[PDB]
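A.B. asks: Return atomic coordinates for the entry below.
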Amino acid sequence: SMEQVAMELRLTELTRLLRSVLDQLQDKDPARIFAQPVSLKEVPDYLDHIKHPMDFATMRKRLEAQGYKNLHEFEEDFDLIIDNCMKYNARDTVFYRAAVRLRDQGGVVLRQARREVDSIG
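C.D. replies: Numbers count the residues shown, from 1 in each chain. Below is the structure:
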């Protein structure tokens, strides 16, 4: 149907906007602490602590399969990156502090992304 095509164009354009959002958030992580999944070879107890691991690469795979239907879904995965880190690592660690800085800086980007998603529809 033409309606199904129109919906697919909207999903494609959301995917475009979320790709740009993902790039901007990841630039707020120049240390690359959140770039890849926590290694279960190197942190073998991780899944005892963290039930839903997340990282920028895993988000990027979901994005390229147009697997985010709306901004809320995408924000959920970004919040897991931050929140997982802030639970597993103590306040006095470079990892925790990196997550705080990512959250604070990412807030700015996400605030305007929400406006754009509503604005364009």
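A.B. asks: Quick check: buried residues in whatever helix or strand residue 86 lives in?
C.D. replies: Here residue 86, judged by DSSP states H and E, is contained in helix 71-88. By 16 or more other Cβ atoms under 10 Å, the buried positions in helix 71-88 come out as 71, 74, 75, 77, 78, 80, 81, 82, 84, 85, 86, 88. Quick note: C-beta positions are derived from backbone N, CA and C, even for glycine.
A.B. asks: how deep is residue 69 tucked in, by neighbour count?
C.D. replies: Using other Cβ atoms under 10 Å, the number of residues around residue 69 comes to 11.
A.B. asks: ugh, wrong one, residue 12
C.D. replies: For residue 12, the count of nearby residues is 11 (other Cβ under 10 Å).
A.B. asks: From residue 26, how far off is the residue nearest to it when sequence neighbours are not counted?
C.D. replies: In this structure, residue 12 finds its nearest non-sequential neighbour in residue 66, 6.9 Å apart by Cβ to Cβ, 6 or more residues apart in numbering. Using Cβ to Cβ, to the nearest Å, we find residue 66 at a distance of 19 Å from residue 26.
A.B. asks: Compare these two (neighbour count), which wins?
C.D. replies: Set side by side, residue 66 and residue 26 show more neighbours around residue 26, with 19 against 13, by other Cβ under 10 Å.
A.B. asks: who are the neighbours in contact with the most centrally placed residue in the chain?
C.D. replies: Nearest to the mean C-alpha position of the chain, by Cα atoms, centre = their mean, lies residue 78 at 3.0 Å. By Cβ atoms under 8 Å, 6 or more residues apart in numbering, the contact list for residue 78 reads 25, 59, 106, 110.
A.B. asks: From what I see, the second one and residue 22 are in contact.
C.D. replies: Right, the one you point to is residue 59. Yes. Counting by Cβ atoms under 8 Å, residue 22 is a contact partner of residue 59 at 6.2 Å.
A.B. asks: what touches both of those two?
C.D. replies: residue 74.
A.B. asks: more crowded one of these two?
C.D. replies: Neighbour count, other Cβ under 10 Å: between residue 59 and residue 22, residue 59 has more, with 22 against 19.
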